[PDB]
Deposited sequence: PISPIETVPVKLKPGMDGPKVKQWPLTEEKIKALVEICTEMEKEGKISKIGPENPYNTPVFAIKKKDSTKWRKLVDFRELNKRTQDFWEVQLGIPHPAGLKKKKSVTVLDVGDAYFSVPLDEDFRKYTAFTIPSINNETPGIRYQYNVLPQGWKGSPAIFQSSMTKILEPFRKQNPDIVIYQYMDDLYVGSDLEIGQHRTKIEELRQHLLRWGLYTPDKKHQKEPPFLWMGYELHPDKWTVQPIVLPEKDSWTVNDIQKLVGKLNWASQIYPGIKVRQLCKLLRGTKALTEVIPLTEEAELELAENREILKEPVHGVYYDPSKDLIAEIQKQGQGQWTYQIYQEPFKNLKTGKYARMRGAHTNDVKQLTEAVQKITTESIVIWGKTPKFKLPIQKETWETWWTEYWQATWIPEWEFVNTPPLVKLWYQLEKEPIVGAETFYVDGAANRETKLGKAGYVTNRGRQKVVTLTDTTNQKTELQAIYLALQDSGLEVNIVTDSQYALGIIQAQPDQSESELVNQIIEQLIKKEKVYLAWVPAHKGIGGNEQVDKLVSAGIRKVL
């Protein structure tokens, strides 16, 4: 039949010795009919009360919590799953369901002892039937793995005699596609159900098998196109904090295919909310957004599948301050997948840093769906990039990319002078300043942190100065912040400074102990 996977209990641990709950003569009756049907099929077998282990049964459910707590760990039933975009179209695709899947496979002979349970007697000093499993008990720790594992082992053969047939194994289901004519396709599928039958693995026949599209893990899978199972936007007039959370949630999921989905305004609605059932009224911008999404959703878009023969193009756009959108395709607008990126790494950044980070995310994502990186189309020119890169303290790398003139283009809104500016006033800051020209202002700040006091000073200087300044400061903090040439900030003060900076012609910042 199939090999047997050697199991073991965790070290220094004995099998489960737990008392069977008192049953019912009505429930005892059913268990015995079930356990007898089963022993005639070999799945189980009466044991000699030589066995001191026991696992609770009820009505047929067997509670293996305890055994599981004592059973060795197995290799992950792998939680990584395919993304529809990484698929190559097939003409026909058949979903093969598996019944008794688990019961179909044996169990390490030396382990069965541990799977013991007892069917109580009806009369006091009469029986009290004892058994053990010879197969894979559902609810058991190792079943899913041994199964998958074993399953895998079986298809391998068939798989090599049919390199045209593609098979994905997912829990008790089994997706099988091919580029064969419906007929030869339907043929192999039986060739398969057979191969699986030689190991007594029941799969339903074509009459009952499920038909396409295939609604898998929130997707709608055909053999030539893909989408996420369509979504309905509520038309409520009263919105609960929870309602919004759920909506936002759903909205996201869309983004991997539906281009243009925004949630900034809906998200804003959560600020300060005090209970999952609190009702928040919609804002003008919020409903505008909701409607725009609703609209975008009305029209169903479907994603195309992967054609390894062709290149992968990734194209990125700035959709807002801090928002980026992208799409990856092989043929123009012939999307495989789309997506957004709002991740802000650091309290302050610039589009260059952000765009670059956006590229990494994408890159990573591709090596995973396609095992290769795409050729990028970006709204920034090499000169701008290089400039930044070249002068940033962190090592960075962007693959093959083509500048694409799609506004808004990303640029550096300002650059600090690399050397003091000749004949430009010199401000010395420590909340107040002093210039070489005699000017000064010692201002007042309340509720200000140490770090935030420093930045205030600099702001002053920037304020009162002309289009060219030299600014000396002892704050390594501030220096750092500004030297990173951010253009957006979580902090308001910064943003104000940033505004100054951009206005200037030439600015020089220096540090002193």
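In sequence order, the gaps in C-alpha coverage of the deposited chain fall at 1-3, 63-72, 444-454, 538-560.
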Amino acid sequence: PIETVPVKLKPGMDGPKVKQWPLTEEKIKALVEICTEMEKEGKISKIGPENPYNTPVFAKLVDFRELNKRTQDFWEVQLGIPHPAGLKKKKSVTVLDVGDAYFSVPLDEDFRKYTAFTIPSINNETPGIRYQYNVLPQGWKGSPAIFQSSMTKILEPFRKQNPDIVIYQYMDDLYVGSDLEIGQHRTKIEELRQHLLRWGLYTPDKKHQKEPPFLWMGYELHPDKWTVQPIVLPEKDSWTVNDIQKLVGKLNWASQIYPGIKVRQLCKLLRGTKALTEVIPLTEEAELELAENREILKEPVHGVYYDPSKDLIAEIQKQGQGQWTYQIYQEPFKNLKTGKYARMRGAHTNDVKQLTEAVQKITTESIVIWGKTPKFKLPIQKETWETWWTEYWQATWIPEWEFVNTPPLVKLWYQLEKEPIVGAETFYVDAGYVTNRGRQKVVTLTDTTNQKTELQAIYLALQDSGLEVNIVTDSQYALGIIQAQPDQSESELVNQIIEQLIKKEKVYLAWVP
From here on, numbers count along this sequence of modelled residues.
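Per-stretch averaging of Cα B factors for 124-132 and 336-344 places 124-132 on top. Judged by mean Cα B factor in the deposited record, 383-391 ranks above the other of 247-255 and 383-391. Reading the B-factor column for the CA atoms of 488, 451, 470, 485 in the entry, the top value corresponds to 451. Of all the options 109, 315, 191, 287, the entry's greatest CA B-factor is assigned to 109.
Among the modelled residues of the chain, residue 87 sits in the lowest third by CA temperature factor in this PDB entry. In the deposited entry, the Cα temperature factor of residue 283 sits in the top third of values across the chain's modelled residues.
In this PDB entry, the Cα temperature factor of residue 170 sits in the middle third of its chain's modelled residues. For residue 32, the recorded CA temperature factor ranks within the highest third of the chain's modelled residues. Ranked by C-alpha B-factor against the other modelled residues of its chain, residue 365 falls in the lowest third.
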